Structure formats: structure tokens, C-alpha cells
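One structure below.
These values consider heavy atoms only, across backbone and side chains, with no hydrogens, waters or symmetry-generated copies. Every chain is numbered from 1, with letters handed out A, B, ... down the list of sequences.
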Amino acid sequence: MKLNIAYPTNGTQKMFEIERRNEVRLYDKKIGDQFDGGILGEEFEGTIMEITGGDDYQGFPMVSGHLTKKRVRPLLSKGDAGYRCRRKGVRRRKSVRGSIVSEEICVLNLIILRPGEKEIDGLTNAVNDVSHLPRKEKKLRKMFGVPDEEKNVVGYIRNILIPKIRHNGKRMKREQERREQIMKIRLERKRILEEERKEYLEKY
Amino acid sequence: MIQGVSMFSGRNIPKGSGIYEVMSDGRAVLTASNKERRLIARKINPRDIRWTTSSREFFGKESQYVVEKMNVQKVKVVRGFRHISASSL
RNA sequence: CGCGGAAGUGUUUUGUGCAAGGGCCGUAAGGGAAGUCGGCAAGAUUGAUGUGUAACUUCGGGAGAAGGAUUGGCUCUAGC
RNA sequence: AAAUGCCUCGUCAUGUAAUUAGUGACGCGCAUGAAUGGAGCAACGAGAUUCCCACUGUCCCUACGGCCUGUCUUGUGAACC
RNA sequence: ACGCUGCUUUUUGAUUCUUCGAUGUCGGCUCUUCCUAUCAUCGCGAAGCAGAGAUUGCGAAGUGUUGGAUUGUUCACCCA
RNA sequence: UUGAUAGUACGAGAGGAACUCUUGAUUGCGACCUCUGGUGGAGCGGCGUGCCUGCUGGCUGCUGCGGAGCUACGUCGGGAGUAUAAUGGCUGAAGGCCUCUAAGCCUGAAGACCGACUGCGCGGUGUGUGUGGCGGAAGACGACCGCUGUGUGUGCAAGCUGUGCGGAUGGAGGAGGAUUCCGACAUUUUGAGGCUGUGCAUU
RNA sequence: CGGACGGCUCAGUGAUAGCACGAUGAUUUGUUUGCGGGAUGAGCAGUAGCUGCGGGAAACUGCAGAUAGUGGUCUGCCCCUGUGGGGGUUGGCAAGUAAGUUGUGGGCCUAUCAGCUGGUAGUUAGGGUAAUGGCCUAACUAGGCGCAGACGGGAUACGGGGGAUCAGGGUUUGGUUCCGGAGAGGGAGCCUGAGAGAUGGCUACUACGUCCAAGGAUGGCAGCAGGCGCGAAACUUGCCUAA
């Protein structure tokens with residue numbers, strides 16, 4: 001079974017491969033059951049790996065919450081592994097597998113939790129790029145440490161160096177105005193009301 | 001070599017010792033002996049028989065699926081994005 | 001009555017441990033009268049209490065027709 | 001074509017994969033027939049027949065088990081021919 | 001074709017030699033063995049034998065030749 | 001009997017084979033118990049009727065599972081030896097030709113004989129037997145196979161049944177001052193108790 | 001936000017539907033109108049698109065990385081109480097529009113259809129509902145309908161607005177433009193939503209099926225054209241950013 005290993009700390013993946021002598025040691029292990037990497041081959045020694053998923057020979061995925069080695073067919077809804085929902089309120093019966101490894105799984109998905117003293121080529125060397133930069137202003141301030149009243153938070157960072165910086169600048173200003181005149185109207189409604197109470201209470 | 005697992009008692013069956021029974025829906029259940037096919041015919045629930053494994057984990061004598069496997073692992077190295085490779089904050 | 005107990009009454013203390021074939025019995029996969037002159041023999045139904053009961057008929061019967069259901073132990077309630 | 005029809009396993013229909021059996025219909029009936037009683041079946045029958053459901057070692061095809069005999073000992077000790 | 005010559009002992013007759021001071025008289029079921037005048041299987045001829053399918057002849061008796069409906073039937077007649 | 005040979009030879013067409021190789025079975029015969037099924041008055045459990053004053057524990061009845069052994073509905077196992085029959089051929093006269101035949105020779109059958117396989121008598125040879133007792137893989141009784149004190153008992157291993165008595169904490173409800181008594185059954189101590197003719201060790 | 005309307009059809013239904021006059025003081029209502037109402041606090045979790053590694057004949061789908069909206073929990077706010085406490089997280093009022101529930105009355109034919117009915121008629125309590133009610137359950141009473149036709153059975157039964165015939169009085173007909181109902185091969189059960197027991201939504205059984213590498217995956221013309229079938233019996237696979 002070809003393995004699909006990933007190192008989250010460096011953010012990198014690559015497709016590995018093993019033979020059916022060490023393959024038989026993986027059987028009867030749950031999703032989230034993980035072990036020492038030396039069992040698989042040689043270069044994986046001294047590592048701590050982890051199991052997270054896998055497919056079978058027909059494409060169907062393994063999901064948690066079933067605890068069987070056979071193929072089931074439940075009724076799944078929006079937010080469920082095994083279904084990709086498009087209409088609102090719709091549910092589908094669709095086949096999946098259980099959370100236990102056996103001779104049916106075609107590909108395993110793993111996780112390098114602690115590297116070893118050796119050097120796996122495409123995983124322990126590179127350090128890949130992040131993809132997005134934060135947009136919330138509290139989170140932006142804690143990334144670079146701009147606590148000086150922050151005075152203009154984007155312009156502060158543009159000088160510290162070209163990288164373009166997007167941010168929720170406009171969205172803070174719309175809502176800032178919306179709940180400022182809403183206080184303006186609460187005064188008019190109340191003020192214009194008590195004039196009529198007294199003027200009404202005058203005559204009668 | 002194992003033939004399969006008993007669908008009533010939960011125990012491993014040696015190669016050449018069970019009988020598969022296919023039902024009308026296409027479901028093939030595997031049993032070990034006539035001690036077990038009789039309990040299915042009478043409609044007894046396996047959790048009321050103390051030598052089965054579904055009865056030992058119902059009463060908490062011993063769970064049949066150990067999980068955790070000691071899983072003591074943490075690391076959070078930081079990386080760069082496109083040109084800010086050396087942030088130095 | 002059957003299935004078990006009293007009372008009264010009767011009774012011995014150095015043969016073997018069990019081949020084949022008999023006499024009287026018990027249990028059997030899957031099939032279900034293909035057996036035989038012939039369902040011979042065996043198997044099957046069976047007590048009680050609700051339910052539900054056809055053709056025909058000398059109007060009395062047929063009738064317990066057929067067919068379906070319930071049943072232990074324990075702790076209480078209601079009637080006279 | 002009946003417990004009564006020789007010819008005869010009569011002819012037609014129906015039940016079966018297959019019907020010298022059973023039932024229905026036909027009638028020149030060797031030799032049916034009216035207290036020699038004729039026609040007729042409600043109720044009753046350890047009476048004679050054919051089929052259906054149920055059920056099974058009747059059978060396919062036999063196996064294993066129980067008790068008493070037989071096999072072995074002592075005593076008593078015949079008969080048929 | 002019209003005529004003519006044989007063999008067997010499975011038919012039914014013909015006869016009355018044995019048995020009437022008793023040889024248990026039909027069929028089926030069960031089990032063994034023998035014959036060849038061979039149905040199939042093995043070898044080989046002929047043809048009005050193209051091939052296929054059959055028909056006719058010779059050597060050959062080692063091995064096989066079933067399950068049912070109706071009848072007591074032998075026999076018969078149908079189904080697979 | 002399956003596949004190949006082969007939609008080939010043969011035939012205007014329609015149709016449609018064989019030698020050699022290869023796959024499975026039906027039935028007969030002779031064995032065997034690893035597996036599966038049957039039996040199992042051995043063993044353990046459940047539910048009852050009567051009796052021992054009741055509980056515990058017994059005996060008696062019906063029922064579930066059921067090891068060893070036995071068994072079939074289960075598993076295993078078949079000569080290319082020699083000479084011939086019918087027929088077809090070689091050489092060859094009688095009969096200057098002809099002819100498988102008169103002398104000779106070649107080939108050829110689920111048949112014959114032989115081999116292999118089982119039983120019995122008789123022979124030979126550097127060759128002659130444990131009285132009794134106790135066991136079994138052997139057995140109606142005789143016999144046969146073994147030893148010549150290595151049994152019995154117990155422990156462990158390997159199995160069958162299925163969670164023991166007593167205690168503690170609960171229980172549909174009922175009874176009534178004590179915060180007591182009656183109650184089928186439940187959970188826990190507890191894959192627990194009971195049992196074994198098989199194997200190993202020891203005494 | 002919408003796809004619950006619009007469009008098609010007449011199987012079921014003889015009155016539980018439809019028409020006429022009533023009750024809702026027994027009920028809910030997005031969009032529309034006019035008034036009211038509104039957390040810029042803390043502290044943690046964490047996702048679509050996007051950037052990479054991939055599975056499968058297909059139809060469809062997984063894992064890692066990093067981010068808006070967002071989701072918990074405290075804090076405050078509001079509600080029922082108070083000489084204790086306990087809940088909720090901003091949801092309103094009135095019109096208009098729509099919808100649900102309910103009372104009485106009407107010439108299809110038939111007595112070779114005369115007696116029918118067990119949740120059946122009522123009382124008392126509770127549950128459920130947006131809401132009354134045997135609608136449902138527990139206990140108890142013995143009722144309810146009928147020649148002024150009950151209860152049954154039949155024929156080509158969707159109801160009206162309407163059509164035909166024609167001195168008057170009558171007889172016959174309405175699948176079909178408008179309004180009301182019911183259904184999407186046959187039965188059932190449901191999710192989302194102000195509104196559906198929805199079928200150009202989902203799940204199961206059932207009639208007929210279709211595609212596959214054989215392990216799986218899938219269908220719904222009584223919408224507009226069109227094809228087959230059936231029968232005596234019925235049009236174009238056209239053009240449209242205009243009304």
C-alpha cells in the first residue's frame with residue numbers, strides 16, 4: 001500500500017511506498033492510533049508517526065465513528081466526512097469504510113510527529129511558505145507586536161522591511177458609522193415623545 | 001492462518017473450522033460451532049453470556065479496542081511566507 | 001385414574017461384564033411416501049379459558065365443525 | 001360397465017410428468033327393475049374405497065447408544081430322531 | 001416370392017415311466033453363479049460410404065445394462 | 001465428459017469430423033479420522049414432581065450443550081510385460097503367368113497368459129520359544145502383541161461446561177414506629193466453580 | 001432571496017369535495033405599510049474559496065497547511081421571584097394579505113339491499129396541537145341512527161360558473177377557457193422553511209428497468225416539441241433580449 005506522508009511543522013508532503021512484508025504490521029489499528037516509524041522501513045526510525053485517513057481500492061474513504069473493517073452506508077448530512085452538500089437541508093445515503101486498517105486500504109495518510117536523527121529527503125529539509133496572513137487587527141498586532149496605540153496598524157508594518165498586506169480596514173469603518181447614528185435616532189424618538197405627553201396632559 | 005472472527009462470541013476461528021451461512025439479503029455470517037448457532041436460533045442476546053467479548057466490555061470487564069498508544073508529541077517551528085523569510089519579531 | 005409416598009407384608013450376602021445374531025426401547029444431516037398389494041409401523045394432535053365457526057338437513061342437528069390466540073414465578077388491586 | 005356388463009384395460013371428459021385405479025356423463029342392459037322390494041345419505045359405523053393438508057428412519061442408506069438374552073462358570077438335568 | 005432342408009428346449013400340446021403310510025403348490029423382495037443366438041463399450045469388413053448421422057457383416061462374454069405412474073400379477077403400456 | 005485440434009479436412013451450399021495433448025466427474029474395490037456432520041445411561045448447566053422440618057446439600061423426572069471412541073453425509077489410492085483372433089500386408093511355388101500360404105515372415109483386441117497384490121502347504125539355515133503374574137494398539141472362548149516391580153495416587157499441560165457457597169449494595173410493592181420486618185430476581189467479589197479415561201513429570 | 005406560484009391531467013372521491021348563508025370570544029401569518037426595539041466587552045476554539053499531496057471504469061470523494069464571517073465560555077443586559085433563588089440571550093404592537101379549523105341545507109340509479117354501529121354515543125381528568133374536538137389515552141355510564149330510506153351494492157361520477165333543445169310547464173348534459181379540489185408508476189415515512197407530508201427534494205419496500213473494467217453506480221414527459229403502442233378516433237423535434 002502506497003503511503004502519503006506529511007510533516008506539518010515544515011508543511012510538506014510526498015508519496016512514499018512500501019512492500020507487503022512490513023505492510024502486515026499495520027493491521028488492526030484505529031484512526032488516531034500511532035506508533036514508532038521504524039516498523040515501515042528503515043529511514044523512518046526514531047520517529048513518531050500518526051494515522052489520519054485512507055481510501056480503498058474503489059475510492060471510498062475511511063471515516064471515524066464506525067469501528068468496523070467492512071463497508072457501511074449511513075445517511076449523512078451537511079458537515080460530514082464523505083458528503084459534499086449543495087442544497088439546503090438535503091441528506092444522502094453514501095458508502096464509507098470503518099476506522100480500522102486491513103488488507104482493503106489502498107493508501108494510508110500519515111503524520112510525522114517527531115523527526116529522527118536521520119534525514120528523510122523531501123520532508124525534513126524544506127520549509128515551505130505560509131499561504132495567508134491574518135486580517136483581524138488584534139491578531140495582526142500580536143504577530144509583529146505593534147502596541148504603541150497602533151495609530152495606523154497597516155502603515156506601521158509597511159515601513160518595517162514588496163509584500164502586499166490586505167486587511168479588514170473598510171469593514172471596521174462601515175459598522176463604526178452604523179452604530180453611531182443609531183444612537184442619534186434613539187434621542188429624537190424619545191425627545192419628541194415627551195413633548196406630546198405633557199401637551200396631551202395639559203388639556204386633559 | 002485465521003478463517004475469520006466469530007460473529008456471536010468475538011473470537012478468532014482457525015483455518016478450516018467454521019460454517020458460513022448466507023441470508024436472503026446477501027449477508028454471510030460466520031459462526032464457530034453448534035453451541036453458537038443454537039443461541040442464535042433461540043434469539044438470545046450475546047451480552048447476557050459472560051464468556052463472549054461483547055459481554056465483557058458491556059460490563060466493563062475489559063474493553064476490546066485499545067486506542068491511545070502513548071501519543072506524546074508536540075512541535076511548532078515557525079516558517080516564512082514569500083519574502084519575509086527572516087521575520088525577526 | 002395416571003405420576004410419587006406411608007402402614008402392613010416379602011427378601012439375600014463368594015458365577016461373568018458384557019463378539020456376531022436376536023427380544024423390548026432412544027437419538028439422527030439434507031430430502032419428505034420416491035417405500036409398499038395397501039401410509040403397515042412410527043411420528044403427529046391432546047388439558048383449560050377468550051375468539052371464530054360452512055355445505056347440507058328428518059329443523060332436533062351437523063359442532064369440540066374447520067381456523068386462529070393465551071398459559072410460569074413474584075408483589076399487589078377489585079367483586080361477594 | 002354399479003359388491004349386478006361376457007366382449008372389456010367399452011367410449012368421451014376430468015385429477016398426474018406419466019392413470020388396468022377414482023369421480024362425472026353416455027346406454028339394445030351376455031344376465032338391471034319395483035315388500036324377490038325400486039329410487040333415495042340427514043344422523044350414526046374398530047365396515048369397503050380414492051384424493052388433499054399435516055407429519056415422520058416407510059424409503060434414498062444407514063450410523064451410534066441403553067437394558068435383558070447369547071458368549072464364559074457352578075448346580076439340577078430332558079426330548080424329537 | 002413360389003418351393004425345399006435343418007437346429008434349440010425358452011411356448012403350448014401329445015403321453016402316463018417315477019412319487020398318493022405327502023418332495024410345501026403363483027409373483028415380488030434378497031443373493032450368487034453360468035450360457036451366447038452381442039444391446040453398449042474395444043478391434044476390423046461392405047455399400048446405391050463426399051462429410052455428419054445411421055444401416056448390414058465378422059473376432060469378442062472382461063465390465064456394465066437405472067429411477068417412476070396404473071395392475072396381485074408374469075405380461076403390457078406410457079413418463080424421465 | 002471440458003478445452004484445444006477447428007468453423008479446419010469434406011461440400012455448389014446447407015452443414016461439419018479425426019489421431020495426438022488436456023479438464024473434471026459417475027460407479028465398483030481397498031483403506032483412514034486432520035477437517036465437517038451424526039451418536040455420546042461420560043461430564044457440567046437449566047427447569048420441575050414427590051420425600052428428608054425450611055435455607056444450604058441430596059435422591060428421583062424432563063431438557064441444552066456435549067470431549068474420547070465409533071462412523072458417512074467427510075478425506076486418500078491403479079502394468080505402457082510376452083504371445084495371439086478377425087482383418088490388412090511381405091517373400092513365394094504348385095500352375096514359365098497369377099496369388100497374404102502350401103515352407104517361412106511382419107503387424108494387430110475392453111480378450112488369453114504372465115507380472116504386481118492377498119492366502120495356504122512344503123523346504124533350507126553359524127538360528128528353537130518366560131512357569132506364573134500384570135497390561136494393550138489384540139480379543140466371544142482359545143489365540144496374538146508387549147514387559148518382567150515403574151504401577152496406583154497427586155501436580156502441571158491440554159480440553160468441556162459456563163460465572164459456585166457466603167457476604168455486601170439494590171429490588172415491583174406491602175406491613176407499621178423499629179427506621180424495623182416480608183420479597184421473585186439483579187450487580188459485584190468471580191472467564192468463577194465443577195469435571196476429564198488424553199500428554200508430560202514425580203512419588 | 002426564490003424555486004409551496006406558474007404549467008399539465010381527471011385515477012380516487014356520491015359528500016369528509018363543491019355552491020349558498022354563518023362561527024373563529026378556539027388560531028398562526030415571510031415580503032407590504034405606520035410605530036417601537038438593537039453588546040462596538042473579555043478569553044479561547046476554529047471553516048469555505050485559496051496553496052500542495054492523492055484515490056476511483058465511473059458517479060463521486062479524502063488528508064496536511066494557512067485565513068474573513070463564525071461557534072462556545074465568562075462579563076454585562078433583560079424575565080419570573082425575594083427576609084431563598086431560578087431561567088433566557090433579543091424574538092415587539094396595530095393594520096393589510098394569506099392559511100387552518102367548524103354549523104345547517106340541496107333529485108345519479110337501486111328494497112331480487114331492512115334493520116345497522118365497539119372509540120361506537122356520552123361524562124370526568126390529563127396529553128398533544130398554532131388552535132376547539134374521541135383527535136389520543138385512563139376511569140366510569142349505555143347510549144347513537146332508521147320507510148321523511150338507515151346500513152349496503154351498482155353505472156363511462158372530479159364539483160360549480162356554464163351548454164344543448166324550445167309556446168308554456170319540462171328533458172338532457174358539463175374530461176375541456178374562469179374559480180375550488182385532488183394527484184405526479186404504486187404505497188408509506190420525513191428534512192429545510194413564514195408556507196410542503198413537495199416529487200424538474202431526500203429515505204425504504206414494491207412494478208418495470210438502465211450503465212459497468214463486475215466492485216459498484218443509477219431512472220421517473222398526467223411541462224413544450226417528438227417517438228412507440230393502442231384504437232373508429234386527434235398538428236411543429238419551427239421563430240422570439242418585442243406585447
Just by distance, do the side chain of [X] and the backbone of [Y] share a donor-acceptor pair under 3.5 Å?
X      : Y      : answer
A:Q181 : A:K184 : no
A:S99  : A:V63  : yes
B:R27  : B:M23  : no

- Item | NZ-CZ distance between A:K164 and A:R158, expressed to the nearest 0.5 angstrom | 10.5 Å
- Item | Test item: A:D129 and B:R79 side chains (from C-beta on) under 4.5 Å apart, heavy atoms | no
- Message: Taking the side chain as everything from C-beta on, heavy atoms only, tell me whether A:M143 gets closer than 4.5 Å to B:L89.
- Response: no
- Task: Could you look at A:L67 and say if it's the side chain, the backbone, both or neither that has a heavy atom under 4.5 Å from chain B?
- Result: both
- Item | Engaged part of A:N128 at the chain B interface, taking heavy atoms whose separation is under 4.5 Å | both
- Task: Specify which of A:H132, A:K30, A:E50 makes the most heavy-atom pairs with chain B at under 4.5 Å.
- Result: A:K30
- Task: Would you mind telling me which of A:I48, A:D28, A:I162, A:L161 has the largest number of heavy-atom pairs within less than 4.5 Å of chain B?
- Result: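 Of A:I48, A:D28, A:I162, A:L161, A:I48 has the most heavy-atom pairs under 4.5 Å with chain B.
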- Message: Within residues 47-75 of chain B, which residues come under 4.5 Å of chain A, heavy atom to heavy atom?
- Response: B:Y65, B:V66, B:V67, B:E68, B:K69, B:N71, B:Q73, B:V75
- Message: Checking an interface table here. Which of residues 8-16 of chain B come within a heavy-atom distance under 4.5 Å of chain A?
- Response: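 Under the 4.5 Å heavy-atom cut-off, nothing qualifies.
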- Message: Quick test of your reading of the model: are A:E137 and A:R141 salt-bridged, counting only N-O distances below 4.0 Å?
- Response: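 Salt bridge: yes.
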- Message: Under a 4.0 Å threshold between the charged nitrogen and the carboxylate oxygen, would A:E19 count as salt-bridged to A:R21?
- Response: yes
Acceptor/donor pairs from residues 74-90 of chain A side chains to any protein atom, 3.5 angstrom cut, sequence neighbours excluded:
unit_1: A:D80; atom_1: OD2; unit_2: A:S77; atom_2: N; d: 3.4

Please list, one pair per line, the donor and acceptor atoms closer than 3.5 Å that link side chains of residues 108-124 of chain A to other protein atoms, with sequence neighbours excluded.
unit_1: A:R114; atom_1: NH2; unit_2: A:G46; atom_2: O; d: 3.4
unit_1: A:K118; atom_1: NZ; unit_2: A:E42; atom_2: O; d: 2.8

- Message: Please determine whether the number of non-hydrogen atoms from other residues, nucleotides or ligands lying under 6.0 Å from atom CZ of A:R166 exceeds 12.
- Response: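 No.
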